[PDB]
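Only one chain is shown below, in structure tokens, and it's the form solved without its partner chain.
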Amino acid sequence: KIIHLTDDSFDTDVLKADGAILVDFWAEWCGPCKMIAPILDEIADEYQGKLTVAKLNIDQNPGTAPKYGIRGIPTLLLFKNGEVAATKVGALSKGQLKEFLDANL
């Protein structure tokens, strides 16, 4: 249920998609990123109706993150109509994310 982005697919898969898109900028070497991955898998099944969870691996796609000021990871950018609507950084708990989402959708 999760989208896997690339530098070239980013524009049309995110900035030109309809509705909300939850982007996760992560990396294989980060402990916090490894912790949050599990959560995101479930957040995908559940919000299958009003949300799209998409991930971008900053090592394999070095061009996108810079344009956003990535300073820490995992970074969760919430896009709506090709525009960053919200954003939070760190390994949120399954119980904290759902809130962040609910309170923004």
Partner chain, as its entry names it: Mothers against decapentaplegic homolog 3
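Positions refer to the first chain, counted from 1.
Set 26-34 against 75-83 and average the Cα temperature factors; 75-83 ends up higher. Comparing 46-54 with 63-71, the stretch with the higher mean C-alpha B-factor in the PDB entry is 46-54.
Per the PDB record, residue ranking by Cα B-factor puts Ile3 in the middle third of the chain. Among all modelled residues in this chain, the alpha-carbon of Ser9 has a temperature factor (C-alpha) in the lowest third.
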